[PDB]
Amino acid sequence: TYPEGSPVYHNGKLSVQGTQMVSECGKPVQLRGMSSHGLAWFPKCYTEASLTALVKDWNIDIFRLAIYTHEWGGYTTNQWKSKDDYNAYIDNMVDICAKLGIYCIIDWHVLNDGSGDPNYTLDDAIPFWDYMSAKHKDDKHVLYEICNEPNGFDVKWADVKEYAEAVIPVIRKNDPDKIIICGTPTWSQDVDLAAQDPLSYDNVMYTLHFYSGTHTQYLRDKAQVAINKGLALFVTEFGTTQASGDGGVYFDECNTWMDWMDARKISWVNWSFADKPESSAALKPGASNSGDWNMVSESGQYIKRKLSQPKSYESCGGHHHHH
Numbered sequence: 026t027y028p029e030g031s032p033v034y035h036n037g038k039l040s041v042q043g044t045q046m047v048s049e050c051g052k053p054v055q056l057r058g059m060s061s062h063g064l065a066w067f068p069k070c071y072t073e074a075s076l077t078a079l080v081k082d083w084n085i086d087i088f089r090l091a092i093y094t095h096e097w098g099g100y101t102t103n104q105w106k107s108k109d110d111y112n113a114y115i116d117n118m119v120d121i122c123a124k125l126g127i128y129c130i131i132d133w134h135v136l137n138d139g140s141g142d143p144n145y146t147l148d149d150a151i152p153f154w155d156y157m158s159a160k161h162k163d164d165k166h167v168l169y170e171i172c173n174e175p176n177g178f179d180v181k182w183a184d185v186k187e188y189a190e191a192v193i194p195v196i197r198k199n200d201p202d203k204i205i206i207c208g209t210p211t212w213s214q215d216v217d218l219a220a221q222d223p224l225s226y227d228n229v230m231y232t233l234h235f236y237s238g239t240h241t242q243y244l245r246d247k248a249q250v251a252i253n254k255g256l257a258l259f260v261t262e263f264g265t266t267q268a269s270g271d272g273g274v275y276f277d278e279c280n281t282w283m284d285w286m287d288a289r290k291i292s293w294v295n296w297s298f299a300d301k302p303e304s305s306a307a308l309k310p311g312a313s314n315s316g317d318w319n320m321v322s323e324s325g326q327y328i329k330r331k332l333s334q335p336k337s338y339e340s341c342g343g344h345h346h347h348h
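Going by this note's numbering, the first residue of the sequence shown is number 26, and it counts up by one from there.
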């Protein structure tokens, strides 16, 4: 039972129709929300209290759990939690999102230390995704992001497609209808190359990542090629900075990206909800010590203001029933 008036109450189980993500009543939906930073790095930032503030005060529709596979404390490392205990932690966060009625992305966050080819994480990715899809089959509010940012010159769409064709059957044997979001080459830029040979599965979307200090028209044009060839795109990560996550903020270029996404009804998730002293972090340093989840940085202020706009969906109605 999702809480009255919440994003999941309004839209129910989402699916993909052509290039558009739609609600349980078949209406186009654009979701807006926030990504975690590394969970092992900022655990004080990801609690019932902090997510309650994100929902009630920042008006988010969706939260993304960035589960690093590598670097210190990554899922594959057994440096912070055992793999099965990390699963239990993730499950707790998924349940908090359910209690608040927001969507939750489980993100297998490949990036560095060789994980740039997601195939090189399969010894852990297969049992991870087997577990998560079995555990969360009956959870209407989860989305499965199977490989954050494939990268490397050696990592082509053919290689990412082979990874996806290994993991998606493992998910779909347990959870037939849940949306799967598939990363693309060159740090989830090459959606136009994925569009040349798309996956044959239903309810699949393709990842686009941008950073407004780095990516401009060229990447929007690549994305438009993918859209014109019939792919549904999801911006599961973007920043207001250059791609490193620090330095200047570029709000004029981000406004261009926001207008562009709005016109195409493309969902977006901002990097990051954390109080690291870098300019892409949405909280001021020390906010996790004080517990003041509205003590925003310059970037957080800008994103919270975008989140405060009218919802980019229309309720499925039937408010006279519990959902």
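Cβ atoms here follow ideal geometry from the backbone N, Cα and C, with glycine treated the same way.
Alpha-carbon to alpha-carbon, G343 and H95: Here residue 95 corresponds to residue number 70 of the sequence shown, with the count starting at 1. Here residue 343 corresponds to residue number 318 of the sequence shown, with the count starting at 1. Their Cα atoms are separated by approximately 45 Å.
Buried versus exposed, by CB contacts within 10 Å (16 or more), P194: What you label residue 194 is simply residue 169 of the sequence shown in a count that begins at 1. Flag for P194 reads exposed.
Integer-rounded CB distance, given that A288 should sit under 8 Å from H62: One-based indexing of the sequence shown puts residue 62 at position 37. One-based indexing of the sequence shown puts residue 288 at position 263. In fact, because the Cβ distance is near 29 Å, the residues do not count as touching under 8 Å.
Endpoints, the alpha helix (DSSP H) within which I121 is located: What you label residue 121 is simply residue 96 of the sequence shown in a count that begins at 1. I121 -> alpha helix (DSSP H) spans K108 to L125.
Where the beta strand (DSSP E) through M283 begins and ends: Locating residue 283 in the sequence shown gives position 258, where the first residue counts as 1. Careful: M283 lies outside any beta strand (DSSP E), inside the alpha helix (DSSP H) at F276 to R289.
Proximity to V260 [Cα-Cα], best of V80, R89 and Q267: Counting from one through the sequence shown, the residue named residue 260 turns up at place 235. Ranking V80, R89 and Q267 by Cα distance to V260 puts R89 first.
Residues that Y236 bridges to, as DSSP identifies them: For this step, residue 236 is matched to residue 211 along the sequence shown. Paired residue(s): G264.
Where the beta strand (DSSP E) containing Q45 begins and where it ends: The sequence position of residue 45 within the sequence shown is 20, counting from 1. Run containing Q45: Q45 to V47, per the beta strand (DSSP E) assignment.
As assigned by DSSP and simplified to three states, the class of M230: Walking along the sequence shown from the start, residue 230 turns up at place 205. Looking at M230 - three-state DSSP - the assignment turns out to be strand.
N- and C-terminal bounds of the beta strand (DSSP E) containing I204: For the purposes of this step, residue 204 is taken as residue 179 along the sequence shown, with counting starting at 1. No beta strand (DSSP E) holds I204; DSSP gives it neither H nor E.
Cβ neighbours of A312 in the same chain (closer than 6 Å, five flanking residues each side left out): By one-based count along the sequence shown, residue 312 stands at place 287. Result list for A312: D300 and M320, in chain order.
For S60: DSSP bridge partner residues: For the purposes of this step, residue 60 is taken as residue 35 along the sequence shown, with counting starting at 1. When beta bridges are read from the DSSP output, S60 appears opposite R89 and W296.
Close-in-space but distant-in-sequence residues of the same chain around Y27 (CB under 6 Å, 5 per side omitted): As a working note, residue 27 is residue 2 in the sequence shown. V33, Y34, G126 and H348, listed in sequence order.
Expected contact under 8 Å - CB spacing of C207 and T241 to nearest Å: The count along the sequence shown starts at 1 and reaches residue 207 at position 182. The count along the sequence shown starts at 1 and reaches residue 241 at position 216. 24 Å between Cβ atoms; not a contact.
Same chain, Cβ closer than 7 Å to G325, five either side skipped, listed in chain order: Walking along the sequence shown from the start, residue 325 turns up at place 300. Once the five neighbours on either side are set aside, the close Cβ partners of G325 are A307 and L308.
Which of helix, strand or coil DSSP assigns to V41: As a working note, residue 41 is residue 16 in the sequence shown. Strand.
Residues bridged to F259 (per DSSP): Taking the first residue of the sequence shown as position 1, residue 259 is located at position 234. DSSP links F259 through a beta bridge to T232.
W66 beta carbon less than 8 Å from that of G98: Translated into positions along the sequence shown, residue 98 becomes position 73. Translated into positions along the sequence shown, residue 66 becomes position 41. Taking 8 Å as the Cβ cut-off, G98 and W66 qualify as a contacting pair.
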